[PDB]
Amino acid sequence: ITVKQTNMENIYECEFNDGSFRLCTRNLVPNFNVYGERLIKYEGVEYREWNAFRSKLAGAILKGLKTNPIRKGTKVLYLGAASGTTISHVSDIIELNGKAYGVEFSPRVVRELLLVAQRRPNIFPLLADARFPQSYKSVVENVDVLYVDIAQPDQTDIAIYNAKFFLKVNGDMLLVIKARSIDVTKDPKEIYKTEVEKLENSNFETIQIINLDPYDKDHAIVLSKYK
Amino acid sequence: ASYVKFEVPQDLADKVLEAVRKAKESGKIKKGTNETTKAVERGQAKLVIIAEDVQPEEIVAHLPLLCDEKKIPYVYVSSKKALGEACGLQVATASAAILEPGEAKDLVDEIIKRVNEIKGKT
Amino acid sequence: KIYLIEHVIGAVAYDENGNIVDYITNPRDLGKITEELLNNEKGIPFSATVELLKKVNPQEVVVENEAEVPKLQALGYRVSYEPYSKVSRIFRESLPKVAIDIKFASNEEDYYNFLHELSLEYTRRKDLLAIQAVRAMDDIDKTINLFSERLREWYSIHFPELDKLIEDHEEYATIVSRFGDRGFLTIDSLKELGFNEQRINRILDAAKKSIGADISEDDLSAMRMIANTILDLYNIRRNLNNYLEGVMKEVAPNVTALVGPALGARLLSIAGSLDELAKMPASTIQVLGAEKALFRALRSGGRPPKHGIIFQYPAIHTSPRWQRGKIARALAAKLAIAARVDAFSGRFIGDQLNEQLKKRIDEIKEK
Amino acid sequence: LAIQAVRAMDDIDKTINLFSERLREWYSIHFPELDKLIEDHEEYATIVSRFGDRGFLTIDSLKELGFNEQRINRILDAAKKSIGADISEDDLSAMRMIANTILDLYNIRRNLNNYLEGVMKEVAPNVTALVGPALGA
């Protein structure tokens, strides 16, 4: 075993007893895991193993995401927080300084998000519909990163709408494009092109476009900058 | 019904029932909700077939959730009597699973890709 | 023209430039802020906003939300709304900071501590207890039995014949509790428990001719401490059963219909949750508990258990050994269905489930 | 009697621990932060027994059992910023039944020790001189 820093703040890799390499984050709440993930101690510091198959952000990293705009003390608005798998990892990355506002409109699921956000001062859960930022306007601030993973046909439009509400100028947006929930009939690759055009036809400046394959089928993630 | 996530056109529904029958003959299938459940839990199934006329809906409602966790694709057919009678039974079945396609490999791979398209993807 | 802001922080007025013309800070009170946010959803302005629109006397005001407009027109002002306005952004750009400036919190440290707990409480507003209670019930059960076995062994130094004369632990305990010395037993005090004429006499004669030990009052009260604890625990148990029944009918009515509150809860406790119970095949639900038995069979290919915690179902443990397997299989089957209608929202169908089950049982028994 | 007494004492010891373990797991649904803050089982139980809800907690009522200045503040702050669940009075009193049982057992234990000491000195004084009443018994 060995753990060491990567190009990106508070994100680390492990050399393993066998010789595999897995991503991990520095555990903000030591002894405690959110999904079933492995806890690893090295030189008396505890890391949480970041499974790429579950977290699209880890997936994006392993698919060579240039620069990660989520770091120490970053303010992120996180649309589609779901059960808290990925958002827990951005909690770790961001540390007590930065803040993460987790928007999620499915109660059956915010149920389990609560448990994550109780243990974590970083995370401000919100049972609200991301199509109406008016209904959480009164709790959030402006932000550096708009991380958007929402299952919706008009997911791109929703994201833009939130952006002009809460995204700082020169802030970054990580937008997960879910082809099969925008249209199961269309070709995933046509969809990626047309949704990126929406961002450009607003004024987002496409920085990097990644295809999340192995890890996520018919998905892509866009990193771009709001102007 | 509310446990039905997406829409299956009848051409597909028929190609599903066909895929199953060839799988009884040449491969290995599992028939019944409890046996389908175990097949997902154990990660043996390549395709899960669920009926749209189950009569307390909730009997199979857990399969979509279970299938997504283990990332096994699922499909619907309209009649439970039709799926069971496909299965080599003379009684109904609420859900079934294909574990080994056999001489339905090509037939199954087209199905697991059509349900991808009418789901989003690319 | 005044641009008006509503936030957890309070109500702020801004000019078109983005300068705070005037503000009214909210009280740092979870209860009241939560309610006003919930109220703001329907269009209802903050009470800090009402006060602010009085201090400043603006002719044309513009708000964030379109639902507020008609409410503030009814209050006397000419009003419009701008969605993602430059001002609403200007406000939020400085939102880490202006919490301190308008003295909503002394520092950043506990603006966020508060905001965190507001968000926690605000979403909270928009089965685990069933599990804990039944677990505590199984602890109490276990303790009652341990203490009662201890007490009988203990109190039998003084009055050994009473042990085989009182089958029931609660009754035994009541005797050691109420009387003390064996020579303090009396007829009417015993008639009061429910003891029939004949038994009272057998107990009293047993105490008279007793070959037990003559013992101090210090010694007896020592034993009596355990007796009173036993009795306490029996009340706590019955209290916990009723509490449990209430929660179990609320959280899992279909399952409760089938196996009762306790055994339903017990099944929740082994599964971990209701949603986990629902995801189980019947062949699992049938053997929950009995894991030592199961994995022994799975490792060696021997005979598996017929039933796990399900054994407790009256129909099973009373039935002959060859019927048990089938009754278990049938119960587990229905339980899985019960769990799924319970978990995935479905309203009570436990009656037909019971009827279906009792039919299957009646058939099994006619062989 | 010396033997029986210590055997019951050992049962009580065992039970205190079982219930306290349960109580903490149970009561932590409502007020999770209190578990790592109070080491002592008897103290923990006293708090749930006297209060239930965490919004019933007061500098006054907590001083009235001898918790020190600094600790009372950490408890109350933890109760204020608690990520616990909001829960009915029916739910809390269920828990409080256990808390009171735990408190009852502690008293019964202390009574049994004194009784045991009495008999043990009488029946085997030299042994008791060496290892104490309990271990002697």
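Every chain here is numbered from 1 following its written sequence, a scheme that can differ from the numbering in the entry; residues without coordinates are not drawn. Written order determines the labels here, with chains lettered from A and ligands numbered from 1. Within a larger assembly, only the chains shown are considered here, and all values are given for them alone. Excluded from the side-chain calculation are hydrogens and water; included are all heavy atoms of the structure. Residues with missing side-chain atoms are left out of burial classes, side-chain pairs and their counts.

Method information in the entry identifies cryo-EM as the source of the structure, with 7.3 Å recorded as the resolution.

### With respect to the overall build of chain C
In this description a helix means any DSSP run of H or I spanning at least four residues, a strand means any run of E spanning at least two, and both kinds are numbered starting from the N terminus. A count of helices and strands for chain C gives 18 helices and five strands. We compute the radius of gyration from the C-alpha atoms alone; for a globule the expected value is 2.2 Å times N to the 0.38, where N is the number of residues. A globule of 367 residues ought to have a C-alpha radius of gyration of about 21 Å, yet chain C, at 34 Å, is considerably larger. Along the first, second and third principal axes, the C-alpha atoms of chain C reach 100 × 60 × 40 Å.

### Things to note about the overall build of chain D
Check the secondary structure of chain D and you find seven helices and zero strands. Secondary structure elements in chain D, listed N-terminal to C-terminal, are α-α-α-α-α-α-α. In terms of overall size, chain D is more extended than a compact globule, its C-alpha atoms giving a radius of gyration of 18 Å where 137 residues would be expected to give roughly 14 Å. On the principal axes, the C-alpha backbone points of chain D span a range of 55 × 30 × 20 Å.

### Observations regarding the interface of chain A and chain B
Every contact between the two is made by eleven residues of chain A and, on the other side, seven residues of chain B. Three classes are used, and their members are as follows: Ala, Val, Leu, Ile, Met, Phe, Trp, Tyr, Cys and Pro are nonpolar, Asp, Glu, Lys and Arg are charged, and the others, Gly among them, are polar. Each residue belonging to the side of chain A that touches chain B can be placed in one class, and the counts come to three nonpolar, two polar and six charged. For this analysis, residues touch if any pair of their heavy atoms sits within 4.5 Å.

### Digging into the interface of chain B and chain C
Listed by partner, the interface residues are five residues for chain B and seven residues for chain C. Considered class by class, the residues forming the side of chain B that touches chain C number one nonpolar, three polar and one charged.

### Things to note about the arrangement of the chains
Of all five pairs of chains in contact, the one with the most contacts involves chains A and B. Separating chain B from chain D is a minimum C-alpha gap of 27 Å, and the two share no contact.

### Considerations on the packing of helix α2 (residues 41-50) of chain D against helix α5 (residues 89-123) of chain D
All names here are of chain D. To get an axis, a line is fitted to the C-alpha atoms, and for a helix only the part in contact is used. The angle between two axes follows their N-to-C directions and goes from 0 to 180 degrees. Where α2 contacts α5, the axes come no closer than 8 Å and their chain directions differ by 135 degrees. One way to sum up the angle between α2 and α5 is to call them oblique. You can see that α2 and α5 cross each other, and the crossing is left-handed. Where α2 approaches α5, its residues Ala-45, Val-48 and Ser-49 are matched on the opposing element by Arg-96, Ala-99 and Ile-102. Residues belonging to the contact of α2 with α5 are distributed by class as follows: four nonpolar, one polar and one charged. For classification purposes, angles smaller than 35 degrees are called roughly parallel, those larger than 145 roughly antiparallel, those between 65 and 115 roughly perpendicular, and all remaining angles oblique. Less than a right angle of anticlockwise turn of the near helix away from the far helix marks a crossing as left-handed, whereas a clockwise turn marks it as right-handed.

### Details of unusual backbone geometry
Although it is not a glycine, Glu43(A) adopts a positive phi angle of roughly 45 degrees. Along the polypeptide, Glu43(A) turns up in the loop between β4 (39-42) and β5 (45-49).

### Remarks on the pairing of strand β1 (residues 2-5) of chain A
Residues and elements named next belong to chain A. Pairing between two strands is assigned when DSSP locates at least 2 bridges connecting them. Summarising the sheet, β1 and strand β2 (residues 11-15) pair through four bridges and their orientation is antiparallel. Bridge pairing in β2 places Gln-5 opposite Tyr-12. A loop of five residues connects β1 with β2, the two strands running antiparallel in sequence, and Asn-10 in this loop sits at a positive phi of about 45 degrees.

### Let's talk about the sheet that holds strand β2 (residues 10-14) of chain C
Within a sheet, adjacent strands bond to each other through the backbone by hydrogen bonds, running parallel or antiparallel. All names here are of chain C. Within the open sheet, the five strands sit side by side as β3-β2-β1-β4-β5. Their pairing is mixed. Looking at the sheet topology across the chains shown, the edges are occupied by β3 (20-25) and β5 (78-81). Looking at each pair of strands side by side, their axes are set apart by 25 degrees on average, direction ignored. Sheet topology places strand β1 (residues 2-7) next to β2; five bridges connect them, and they run antiparallel. For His-7, the partnering residue across the bridge sits in β2 and is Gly-10.

### A look at the sheet that holds strand β10 (residues 167-178) of chain A
Residue and element names in this part refer to chain A. Ordered in space as β8-β7-β6-β9-β10-β12-β11, the seven strands form an open sheet in which the pairing is mixed. Across the chains shown, the open sheet's two edge strands, defined by having one partner strand only, are β8 (123-127) and β11 (204-211). Here the strands of the sheet are splayed against their neighbours by 15 degrees on average, with no regard to which way each runs. Pairing of β10 with strand β12 (residues 219-226) involves seven bridges; the strand directions are antiparallel. Among the inter-strand pairings, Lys-178 is bridged to a residue of β12, identified as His-219.

### Let's talk about the packing of helix α8 (residues 169-178) of chain C against helix α11 (residues 217-251) of chain C
Angle between the axes and distance between the axes are the two parameters that describe a pair of packed helices. All names here are of chain C. For the pair α8 and α11, the least separation of the axes is 8 Å and the interaxial angle reads 135 degrees. Put simply, α8 runs oblique to α11. In the crossing of α8 with α11, the sense of the turn from one axis to the other is left-handed. Contacts between α8 and α11 involve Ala-173, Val-176 and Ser-177 from the first element and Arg-224, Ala-227 and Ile-230 from the second. Classifying every residue of the contact of α8 with α11 by side-chain character gives four nonpolar, one polar and one charged.

### Things to note about the environment of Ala45(B)
Residue and element names in this part refer to chain B. Among the secondary structure elements, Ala-45 is positioned in the loop between α2 (33-41) and β2 (47-51). In sequence terms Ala-45 and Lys-30 are 15 residues apart; their C-alpha atoms lie 8.6 Å from each other. Not counting chain neighbours up to four residues away, the residues in contact with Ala-45 comprise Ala-39, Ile-72, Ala-97, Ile-98 and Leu-99.

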